[PDB]
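Labels run A, B, C, D and E following the written order; every chain starts at residue 1.
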Amino acid sequence: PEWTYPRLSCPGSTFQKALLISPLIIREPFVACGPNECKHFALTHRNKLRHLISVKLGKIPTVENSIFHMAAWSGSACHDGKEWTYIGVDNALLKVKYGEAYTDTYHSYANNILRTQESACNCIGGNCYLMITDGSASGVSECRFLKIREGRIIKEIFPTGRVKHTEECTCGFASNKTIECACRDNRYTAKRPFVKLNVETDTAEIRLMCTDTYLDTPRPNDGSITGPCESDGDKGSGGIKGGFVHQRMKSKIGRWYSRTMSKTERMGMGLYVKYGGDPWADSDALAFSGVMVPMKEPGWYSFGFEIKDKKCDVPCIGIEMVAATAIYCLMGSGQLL
Amino acid sequence: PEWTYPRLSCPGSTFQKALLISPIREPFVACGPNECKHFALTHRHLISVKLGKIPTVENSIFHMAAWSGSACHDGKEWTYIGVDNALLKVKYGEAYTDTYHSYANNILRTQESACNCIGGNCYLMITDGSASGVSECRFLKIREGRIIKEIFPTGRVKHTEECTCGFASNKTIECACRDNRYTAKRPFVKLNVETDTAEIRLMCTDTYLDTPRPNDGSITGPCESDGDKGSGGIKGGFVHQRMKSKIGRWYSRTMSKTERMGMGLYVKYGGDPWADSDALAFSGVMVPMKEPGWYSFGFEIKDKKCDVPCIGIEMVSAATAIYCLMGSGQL
Amino acid sequence: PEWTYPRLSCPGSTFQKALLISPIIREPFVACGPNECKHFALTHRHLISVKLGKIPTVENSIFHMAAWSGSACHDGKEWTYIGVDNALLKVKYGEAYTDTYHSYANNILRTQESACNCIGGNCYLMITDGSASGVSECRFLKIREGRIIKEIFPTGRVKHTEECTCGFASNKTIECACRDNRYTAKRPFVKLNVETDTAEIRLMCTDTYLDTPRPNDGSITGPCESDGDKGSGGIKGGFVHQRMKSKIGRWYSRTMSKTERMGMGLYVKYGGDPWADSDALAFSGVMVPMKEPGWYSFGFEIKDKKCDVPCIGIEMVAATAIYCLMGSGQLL
Amino acid sequence: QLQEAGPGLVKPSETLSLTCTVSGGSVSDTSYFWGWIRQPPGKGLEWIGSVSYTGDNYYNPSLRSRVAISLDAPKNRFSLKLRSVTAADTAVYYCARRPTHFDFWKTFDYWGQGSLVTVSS
Amino acid sequence: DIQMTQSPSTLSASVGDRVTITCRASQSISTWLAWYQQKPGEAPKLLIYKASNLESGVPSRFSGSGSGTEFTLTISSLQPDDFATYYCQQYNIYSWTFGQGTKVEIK
């Protein structure tokens, strides 16, 4: 019973299909992992009866298997090394549950729809960092990072940079000093905002990703936004949560991202990677690693998580398929098959 | 595995919906270190599931035959209590440990809630005598499954049933009780656990808590008086908020004065309910008036360092809604 | 926790039904670690697991990893799960994916749907890669805490080795009874060292012809090294070692029928070396009557507090049954 | 269209507050960034920062510990606040406006006149 | 940040002469390099947008071009009204940094 910390990633260079869960009626799945177990979280099918539930990863989500953590139309989960944090929203209120007990709450700031990262959150020591957001998807939507300690909200972090619209952030650790997040951006652009959160200084900054590979959906053709790294290109309306994990090697940080194949519908799902660099100021295209999901199959939301091995962490990306969950992980080397 | 004690409550000032369990009767919740269990009766047996699971036959464990019952945890183990003219049977952990006989040769009943354990001593309310008339309650002190002492209350003991109990402090247990036949005003029990002595007096509060009820303040009389609408009734929710300097008291009430419909949450801080007529503040609506809102009960969730007051509500088989003292702001 | 070094077995002379489990699940096998046995099988496609003794279902099962072929073992500290789906073999240790192995022959990579054998922290796994009706080499992978640290290339008769059933002959030796498609009805036998990580395969000399379809024992008419009549297709047979202080007993299964996959008999021989001993194995009894199907048969061992219990199971078409070395007398 | 006003003198450790008045356009217009450029005497230009009505805000990282920019839409103006002014901060402070037109293709099309601020005891 | 250098830092040129000013970014800035004309006593006036384009109202004597790291501004015919200090900035990644600029003296 000791706090988790970011650790260097398990050796490997590629991703492969790891596990598929394909049948309760659930939506918007995610996975979160503690020191020795992974849980598959989803919301049980906006509506007062919606709930945040979980089953052990590898189980089929059924009523017999599922534990109901809290009422919620949206939510997240974390593990700080001593216990699980369950977070969710049902104006709107955000509730935080630690282990068995309800602890703090947070009220919509925008007095508008409140949502959180639909993903595992990121804990260092006993401090869990959660992205929350509100103001409506149709316009300006501001995100904040809540620093949660044993279920209590101790600090609210207001970001600088491009903050007019940040939603559904997929976060992971780049290093022991920082959390980075690949965010959704409705209304304004095909480029995902990228958040850098300094955990030593509890300071966040957001800039638009510079890469010419557009990651949100719908998107214009890659390389087709003749503007400075910061500009908003076409097809801003719509959008979807992207997968994103870090590969922390002793000397380099790899960054893995998901994208749909469709520039229109949410169809298929591809995997992209870049090693090293600094996305806020780096226009180079991401390398294509392979196809996680075929174009004839649904491919909606995707998320990152990391599996804890005994002495390293394994980056993994999950994909929602309207909904079944496919898991891909950084195991070994070679092409994704 | 040390005995539990009442602890100060977790900082917060309001209640919010926490959890709904919905597709059994007389549901309640009891909690111990590192777990909560949802209890209910099988339409008879006392059964339970881990809180958060939906009760199913595969999930439910049958603790004992019972048409009435309760449960407790003393820090070392679970106490399961129930009735089935009937006998009270007490189980501790896996073994059946003791019994208590009927005393008025009538329908023996218990709290249909969690009981309150301090140290190894679990305080259970039992009652007999029949609802349509005089019904004297007694408290049993149960130690490691055995009935060590019976406590006979003073004060207004004419009729006490279905008591929702909790700790006001480490030196006393207070209970918000049902009162059929005679009044819409709930009896309030103060049990001294240092002296195993109890007194019962009516809550003086103008905001009548039982159902059916008269309008607030609609009875000119002393705190001690009975008023109208004594026939019919329902168990109220009740929890304490134990702060370093003040004791908060939270209560539930149906919205309808005539029917078991809706459910509101009321609160008052400090004072002495036996001699304090001031109205309870309205915190909010737990259940809309178009929904059942029937029985409610208190329980406390144990955090690592503090306790969280919670109130659950029965909704007719029936669903269970849980509200808890998390955060601050309106419900 | 510590490593699962193999131990001498629990005394007894014969087998009987230890447990039967019966109501799309295929190719069952079981494996045991300290204080725990799991029943493994594939779905029709994941490697799934249910605790041994429960009937496989949804509620009592887990989907451990995607695969259409796989295996499992426990090293004394954690469970290792293996599976494949130009398929890639994945290795998972506990909950983490730890490594992979690519194709070699670039064929249908398959493994041992039986059990993985761990000594110390080193788990030995046989993998097969190569058509069906043709040459197919096998290799042994040495896996440590989920990582592949060594690939072992056998000598001897290696033209075709498939779907092996492995167990320990001793602390310093692993032996496996392998299927042979295309070339012979006789079953190949591999002897694997662990001190030198060296494997060698020779055809079992023994005139029991432990496969199906098989000839009568009028094949041979060739030195033990004779790939004679039938062998097309084949069945995944298996065996366990008895490991006694003074000698190694070897318990093998054979389809009763020489044609289709019907019935199942149990055979035993004690001592010697199957690579150069033509004497037929003794018949112990019938595990499955020749009215009922009897398909894959895996070996596994159940760990007792002080000793190991050799057990052989079998697939019915699905459902399975376990036979164990319990006491003496005859198989009933 | 842009005009600076405020103290022409602060002493070390004091906060400098300069306000740029907007006319012929509006700070409430989401298509523009408003901001400040510094020019120390004898030196070239240093960018300080810029803000938008949409909430976006950027600052020079070497300075972004001591600086805040406020877009005071109700009075159609904006201001620069610099804490702990010490010495090297003596400069002409200019306000400017940057349209995000076409696709963020422009850099400060409109400029103020500038206000020279001396830092002295 | 991106460090930008301008050269020549001081320029002596005649009326009717041709002026070339070069910006050297330490990192690629794609094609987003802006140029300004600062007459002494005045706020800098923008001349050039995306390396070229040319700001409306600029005398057509001015034009820029370039990509990546090396960019130039030229004045087709230098006139006394072109006396100014000229500056350029990265106009891609944030932390827009200006070079020291150049002084253009007209003789």
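Basically, a residue touches a chain if its C-beta (ideal position, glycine included) is under 8 Å from a C-beta of that chain, and two chains touch if they have at least 3 such contacts.
Novice: Quick one: most central chain, C-alpha centroids?
Specialist: Central by C-alpha mean position: chain A.
Novice: Using mean CA coordinates as chain centres, what's the chain D-chain E distance in Å?
Specialist: Chain D and chain E have C-alpha centres separated by 22 Å.
Novice: Distance from the CA centroid of chain A to that of chain B, rounded to the nearest Å?
Specialist: Result: the chain centres lie 43 Å from each other.
Novice: Let me have the rounded angstrom distance from the C-alpha centre of chain A over to the C-alpha centre of chain D, please.
Specialist: Those two chain centres are 36 Å apart.
Novice: Find the geometric centre of each of chain B and chain D from their Cα atoms only, then give the gap between the two centres in Å, rounded to an integer.
Specialist: Result: the chain centres lie 64 Å from each other.
Novice: If a residue has to touch 2 or more other chains to count, which residues of chain C qualify?
Specialist: 59
Novice: Quick one: which residues in chain D touch 2 or more of the other chains?
Specialist: Each of 58, 105 in chain D touches at least two other chains.
Novice: Hunt down the residues of chain E that sit against at least two other chains at once, touch-wise.
Specialist: Where chain E meets two or more other chains at a single residue, that happens at 91, 94.
Novice: Give every touching pair of chains, nothing left out.
Specialist: Listed in label order, the chain pairs in contact are A-B, A-C, A-D, A-E, D-E.
Novice: For the complex, give me every residue of chain E touching chain A.
Specialist: Touching chain A from chain E are residues 30, 32, 91-94.
Novice: In their shared complex, at which residues does chain A touch chain D?
Specialist: Result: residues 140, 142, 160-164, 225-228, 230-233 of chain A touch chain D.
Novice: Tell me, which parts of chain D touch chain A in their complex?
Specialist: 52, 54-59, 64, 100, 103-105
Novice: Can you list the chain D residues touching chain E in their complex?
Specialist: Per the touch definition, chain D meets chain E at residues 37, 43-47, 58, 60-61, 94, 96, 105-109, 111-114.
Novice: For chain E, which residues are in contact with chain D within the complex?
Specialist: My answer: residues 1, 34, 36, 42-46, 49-50, 53, 55, 85, 87, 89, 91, 94-101.
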